[PDB]
Amino acid sequence: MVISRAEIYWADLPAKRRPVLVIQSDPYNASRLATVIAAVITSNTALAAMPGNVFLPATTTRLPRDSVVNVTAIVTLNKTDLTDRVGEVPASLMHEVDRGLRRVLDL
Amino acid sequence: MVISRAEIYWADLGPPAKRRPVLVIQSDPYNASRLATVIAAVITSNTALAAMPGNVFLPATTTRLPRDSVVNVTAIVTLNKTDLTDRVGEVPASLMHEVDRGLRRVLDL
RNA sequence: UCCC
């Protein structure tokens, strides 16, 4: 399918299904590269207290509940592992993810 | 323990899991915290992946690894602190900067 | 119909 950055996908991890936030750059996403790097998203809002983590409301993400991006949990998944494209994270919130991403990875 | 950035470990990477070298790219503050997990980039012996943009070739002389290796910037894994015990060595500041630009490139940072 |  068409996978691009800043988009939220329901990923298959009986696999344990979880929403993920693609953080890999779009040129690699469009390539023949088999895998996609993403951040694991939880509905546990308590994790938004962690420094790098950002909060995502359900109203913008089309997720069934208010969720939190866990920038400390980074997974590299096959493109085939991604399922539903539920929504896209707006620029303002993705920028907060990028800042938190730089703190965790010292970038 | 005191797992630091730019350091290389042996890890049982889950796909039979694979025993591969990994380069710790998680910052030292988070490494020092009570966070149970550490983020790292997979190191490969397949030196053909060096041609890939963000990837950085690792000379065997500098990494204390058995053979010439390449850090796979597109291969990022989250591991527990307790699973990073087999320590090899640390990637010098000169090569780690190339890993920085590669990580910014792949992750669009 | 989708969180020690």
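In what follows, chains carry the letters A, B, and so on, assigned in the order in which the sequence lines appear, proteins first and then strands, with residues in each chain numbered from 1.
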N/O donor-acceptor pairs under 3.5 Å from side chains in residues 100-107 of chain A, not counting sequence neighbours:
none

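Comment: A:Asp84 engages A:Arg17 in a salt bridge, judged by a side-chain N to carboxylate O separation of less than 4.0 angstrom.
Other members of the cluster containing B:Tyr9 are B:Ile3, B:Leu13, B:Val22, B:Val24, B:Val38, B:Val42, B:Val77, B:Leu79, B:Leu84, with ILVMFWY side chains joined at under 4.5 Å, either directly or via other members.
In this structure, B:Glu90 and B:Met96 have side chains that are not in contact, with every pair of non-hydrogen atoms separated by 4.5 Å or more.
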query: Step by step, would you call B:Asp12 with B:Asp83 a side chain to side chain contact (heavy atoms under 4.5 Å, CB included)?
result: CA-CA 8 Å; B:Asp12 281 331; B:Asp83 300 325; over 6 Å; no
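Nucleotides of RNA chain C that come within less than 4.0 Å of any heavy atom of chain A span, from the 5' end to the 3' end, C:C2 to C:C3.
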